[PDB]
Amino acid sequence: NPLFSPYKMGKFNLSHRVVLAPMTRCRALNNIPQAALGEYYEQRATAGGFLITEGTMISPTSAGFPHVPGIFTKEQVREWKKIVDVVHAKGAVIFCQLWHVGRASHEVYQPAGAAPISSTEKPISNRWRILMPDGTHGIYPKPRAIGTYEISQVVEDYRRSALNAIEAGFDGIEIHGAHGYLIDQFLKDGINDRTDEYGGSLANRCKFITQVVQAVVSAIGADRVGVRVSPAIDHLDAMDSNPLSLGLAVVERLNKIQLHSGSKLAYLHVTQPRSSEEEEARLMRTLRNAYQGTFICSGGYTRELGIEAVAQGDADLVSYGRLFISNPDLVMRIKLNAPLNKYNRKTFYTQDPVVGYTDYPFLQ
Ligand SMILES: Cc1cc2nc3c(=O)[nH]c(=O)nc-3n(C[C@H](O)[C@H](O)[C@H](O)COP(=O)(O)O)c2cc1C
């Protein structure tokens with residue numbers, strides 16, 4: 001089974017290639033990591049396995065879901081340290097995903113009920129609805145398009161949060177540049193309507209992600225930085241007119257950061273849509289072949305599809321989301337080819353510290 005062939009992810013020696021994909025679960029009450037998160041990540045940690053946390057706020061304006069953790073306060077750092085320690089006690093490697101939602105937010109999630117920030121002043125359309133703290137679905141509001149000074153201060157929020165993650169003991173961080181959130185609002189030509197130096201051309205639309213990645217690389221070192229993007233996912237009205245070209249332009253920026261810094265990033269992590277199969281696969285392989293480094297694929301993977309991806313050279317690591325929700329021992333089940341247990345979508349985003357969170361059983 002090639003998923004169990006060791007892999008060197010820079011300074012990290014992994015024993016297997018099954019990765020816990022980053023998943024928002026909304027148990028971090030009041031944005032503070034809770035003991036429940038410790039039990040949840042400990043259940044899924046394995047010796048030499050790689051875990052990526054749920055998306056974590058970089059600032060008070062960065063949230064668009066209830067009860068997501070932050071890493072911008074020293075109280076948050078203290079509580080994350082307790083979670084990182086239990087994961088490292090099992091010999092796992094763990095990165096914190098740094099997440100800013102941009103326009104995918106609501107007044108209820110913003111300080112003083114201010115407008116969310118974005119590349120644009122246009123709202124996500126009413127084709128999409130935001131999950132509200134009471135469990136209802138709300139309307140995304142009009143965001144405020146930020147100036148370039150404000151862009152630079154968001155970059156400094158990523159930098160500070162990366163340093164905070166290292167302070168809590170994380171092995172590294174992942175930049176969430178996917179799924180229609182703030183970075184993708186700059187990347188995608190279906191969203192970025194700017195006429196300044198952060199809009200228009202591919203080079204301009206890639207400036208924000210390049211500056212975010214360079215800032216964290218300078219602060220913590222490239223080998224502790226992963227980058228996640230999704231050029232071919234249109235979530236929250238985030239379409240590009242040429243997804244492959246956009247992906248390749250991002251990849252060229254990452255290769256350039258590596259050459260300038262004299263080091264490689266920990267990885268590039270791409271999530272694919274599952275609409276089709278041959279075209280989606282070809283786009284993934286084209287991005288992988290363009291990138292000078294480690295490639296993590298994600299989106300709809302199963303045991304068999306992950307085996308195929310590694311065996312065919314299409315990816316170095318395979319991340320799993322929903323199967324890891326319901327199979328805390330997913331790694332062992334994959335190793336043994338044991339049947340996998342279903343997940344219950346109704347408890348993906350609830351606040352209960354146990355139910356649908358830590359009460360999915362291990363193999364008998
Ligand atoms: C409940 C849930 C929450 C998720 N939250 C995040 C997140 O915080 N950050 C992110 O980059 N992707 C997030 N994702 C996407 C997953 O990381 C992953 O790409 C997707 O689940 C992979 O597909 P799979 O579930 O078929 O394995 C989330 C997915 C789910 C189902």
# chains A, B, ... in the order shown; residues from 1 in each chain; ligands from 1
>>> residues_around(residues="residue 216 in chain A", least_positions_apart="5", cutoff="8 Å", atoms="only C-alpha atoms", output="number ranges by chain")
A: 158-159, 162, 221-222, 225
>>> residues_around(residues="range 178-181 of chain A", least_positions_apart="2", cutoff="10 Å", atoms="only C-alpha atoms", output="ChimeraX atom specification")
/A:62,64,99-105,118,124,175-176,183-188,191,227-239,269-271
>>> write_last_selection(atoms="C-alpha atoms", output="JSON list (two decimals), in the first residue's frame")
[["chain", "number", "residue", "atom", "x", "y", "z"],
["A", 62, "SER", "CA", -11.53, 37.14, 10.02],
["A", 64, "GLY", "CA", -17.61, 33.87, 9.21],
["A", 99, "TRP", "CA", -8.13, 31.54, 7.78],
["A", 100, "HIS", "CA", -9.66, 34.88, 6.84],
["A", 101, "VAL", "CA", -13.14, 34.67, 5.29],
["A", 102, "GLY", "CA", -13.21, 38.16, 3.74],
["A", 103, "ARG", "CA", -16.70, 38.89, 2.41],
["A", 104, "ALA", "CA", -18.06, 35.50, 3.53],
["A", 105, "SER", "CA", -19.18, 36.83, 6.86],
["A", 118, "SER", "CA", -12.88, 42.08, 0.73],
["A", 124, "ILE", "CA", -21.82, 37.03, -2.43],
["A", 175, "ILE", "CA", -2.41, 29.47, 4.40],
["A", 176, "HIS", "CA", -6.12, 29.02, 3.54],
["A", 183, "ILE", "CA", -7.34, 35.26, -0.62],
["A", 184, "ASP", "CA", -9.57, 33.65, -3.29],
["A", 185, "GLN", "CA", -11.55, 36.93, -3.49],
["A", 186, "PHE", "CA", -8.33, 38.47, -4.79],
["A", 187, "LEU", "CA", -7.30, 35.53, -7.00],
["A", 188, "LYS", "CA", -10.58, 34.93, -8.87],
["A", 191, "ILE", "CA", -14.75, 38.41, -7.76],
["A", 227, "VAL", "CA", -0.39, 26.80, 0.95],
["A", 228, "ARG", "CA", -3.94, 25.67, 0.07],
["A", 229, "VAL", "CA", -5.79, 26.82, -3.06],
["A", 230, "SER", "CA", -8.74, 25.69, -5.17],
["A", 231, "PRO", "CA", -8.64, 27.31, -8.62],
["A", 232, "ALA", "CA", -11.34, 25.04, -10.02],
["A", 233, "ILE", "CA", -13.83, 25.30, -7.10],
["A", 234, "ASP", "CA", -16.53, 28.03, -7.50],
["A", 235, "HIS", "CA", -17.79, 28.16, -3.87],
["A", 236, "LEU", "CA", -19.36, 31.49, -2.80],
["A", 237, "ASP", "CA", -19.36, 32.92, -6.37],
["A", 238, "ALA", "CA", -15.59, 32.37, -6.78],
["A", 239, "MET", "CA", -15.20, 31.49, -10.42],
["A", 269, "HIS", "CA", -2.37, 21.61, -1.12],
["A", 270, "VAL", "CA", -5.09, 21.69, -3.80],
["A", 271, "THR", "CA", -8.75, 20.72, -3.40]]
>>> residues_near_ligand(ligand="ligand 1", cutoff="7 Å", atoms="only C-alpha atoms and all ligand atoms", output="list in words")
residues 21, 22, 23, 24, 25, 54, 55, 176, 178, 228, 271, 298, 299, 300, 301, 319, 320, 321, 322, 323, 348 and 349 of chain A
>>> write_last_selection(atoms="N, CA, C and O atoms", output="tab-separated table (two decimals), in the first residue's frame")
chain	number	residue	atom	x	y	z
A	21	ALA	N	-7.41	16.52	6.65
A	21	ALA	CA	-7.72	17.80	6.04
A	21	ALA	C	-8.27	18.80	7.07
A	21	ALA	O	-8.92	18.39	8.02
A	22	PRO	N	-8.05	20.09	6.85
A	22	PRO	CA	-8.56	21.11	7.77
A	22	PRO	C	-10.08	21.14	7.71
A	22	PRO	O	-10.70	21.26	6.64
A	23	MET	N	-10.71	21.06	8.88
A	23	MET	CA	-12.18	21.11	8.96
A	23	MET	C	-12.71	21.94	10.09
A	23	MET	O	-12.56	21.56	11.25
A	24	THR	N	-13.45	22.98	9.70
A	24	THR	CA	-14.24	23.78	10.66
A	24	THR	C	-15.33	22.92	11.28
A	24	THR	O	-16.11	22.27	10.56
A	25	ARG	N	-15.34	22.87	12.61
A	25	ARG	CA	-16.33	22.09	13.33
A	25	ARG	C	-17.09	22.91	14.36
A	25	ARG	O	-18.09	22.42	14.89
A	54	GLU	N	-8.60	22.72	11.77
A	54	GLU	CA	-9.65	23.62	11.30
A	54	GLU	C	-9.08	25.01	11.02
A	54	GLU	O	-8.13	25.49	11.65
A	55	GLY	N	-9.74	25.73	10.10
A	55	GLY	CA	-9.35	27.11	9.87
A	55	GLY	C	-9.44	27.93	11.15
A	55	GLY	O	-10.38	27.80	11.93
A	176	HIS	N	-4.86	29.38	4.22
A	176	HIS	CA	-6.12	29.02	3.54
A	176	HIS	C	-6.37	30.02	2.41
A	176	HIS	O	-6.84	31.13	2.65
A	178	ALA	N	-8.21	29.18	-0.38
A	178	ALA	CA	-9.15	28.41	-1.17
A	178	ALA	C	-10.59	28.86	-0.89
A	178	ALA	O	-10.87	29.73	-0.04
A	228	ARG	N	-2.77	26.38	0.61
A	228	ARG	CA	-3.94	25.67	0.07
A	228	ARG	C	-4.70	26.57	-0.88
A	228	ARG	O	-5.03	27.70	-0.52
A	271	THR	N	-7.51	21.47	-3.48
A	271	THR	CA	-8.75	20.72	-3.40
A	271	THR	C	-9.46	20.78	-4.74
A	271	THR	O	-9.58	21.87	-5.35
A	298	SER	N	-6.78	16.75	-2.43
A	298	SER	CA	-7.92	16.65	-1.53
A	298	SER	C	-9.18	16.81	-2.34
A	298	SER	O	-9.16	17.45	-3.41
A	299	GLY	N	-10.30	16.30	-1.80
A	299	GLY	CA	-11.63	16.49	-2.37
A	299	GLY	C	-12.18	15.18	-2.88
A	299	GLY	O	-11.84	14.77	-4.00
A	300	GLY	N	-13.03	14.54	-2.07
A	300	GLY	CA	-13.65	13.31	-2.53
A	300	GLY	C	-12.80	12.07	-2.52
A	300	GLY	O	-13.21	11.08	-3.15
A	301	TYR	N	-11.65	12.08	-1.85
A	301	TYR	CA	-10.79	10.90	-1.87
A	301	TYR	C	-11.36	9.77	-1.02
A	301	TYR	O	-12.10	9.96	-0.04
A	319	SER	N	-5.15	14.20	1.54
A	319	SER	CA	-5.88	14.61	2.73
A	319	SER	C	-7.33	14.15	2.61
A	319	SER	O	-7.93	14.15	1.54
A	320	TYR	N	-7.89	13.80	3.75
A	320	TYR	CA	-9.26	13.33	3.90
A	320	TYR	C	-9.94	14.21	4.92
A	320	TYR	O	-9.43	14.42	6.03
A	321	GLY	N	-11.15	14.65	4.59
A	321	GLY	CA	-11.98	15.44	5.47
A	321	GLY	C	-13.07	14.57	6.07
A	321	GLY	O	-12.94	14.08	7.20
A	322	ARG	N	-14.20	14.44	5.37
A	322	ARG	CA	-15.38	13.83	5.97
A	322	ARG	C	-15.12	12.43	6.50
A	322	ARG	O	-15.65	12.12	7.57
A	323	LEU	N	-14.34	11.59	5.81
A	323	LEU	CA	-14.06	10.27	6.37
A	323	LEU	C	-13.32	10.37	7.69
A	323	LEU	O	-13.47	9.48	8.54
A	348	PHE	N	-21.91	18.33	11.76
A	348	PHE	CA	-20.63	18.89	11.33
A	348	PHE	C	-20.30	20.18	12.05
A	348	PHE	O	-19.13	20.42	12.43
A	349	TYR	N	-21.30	21.05	12.27
A	349	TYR	CA	-21.11	22.43	12.71
A	349	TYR	C	-21.85	22.77	14.02
A	349	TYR	O	-21.96	23.96	14.34
>>> residues_around(residues="range 149-153 of chain A", least_positions_apart="5", cutoff="9 Å", atoms="only C-alpha atoms", output="PDB file with C-alpha atoms, in the first residue's frame")
ATOM      1  CA  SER A 119     -11.158  42.843  -2.552  1.00  0.00           C
ATOM      2  CA  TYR A 158      -1.075  36.479   8.933  1.00  0.00           C
ATOM      3  CA  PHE A 208      -2.024  39.278  -2.308  1.00  0.00           C
ATOM      4  CA  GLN A 211       2.665  38.807  -0.124  1.00  0.00           C
ATOM      5  CA  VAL A 212       0.886  36.655   2.486  1.00  0.00           C
TER       6      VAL A 212
END
>>> closest_residue(among="A:7, A:65, A:291, A:41", to="residue 110 in chain A", atoms="only C-alpha atoms")
A:65
>>> residues_around(residues="residue 325 in chain A", least_positions_apart="4", cutoff="10 Å", atoms="only C-alpha atoms", output="ChimeraX atom specification")
/A:20-21,23,25,40,44,320-321,329-330,341-345,347-348,356-358,360
>>> residues_around(residues="residue 290 in chain A", least_positions_apart="2", cutoff="9 Å", atoms="only C-alpha atoms", output="list in words")
residues 248, 251, 252, 255, 285, 286, 287, 288 and 292 of chain A
>>> atom_distance(atom1="CA of residue 268 in chain A", atom2="CA of residue 294 in chain A")
6.3 Å
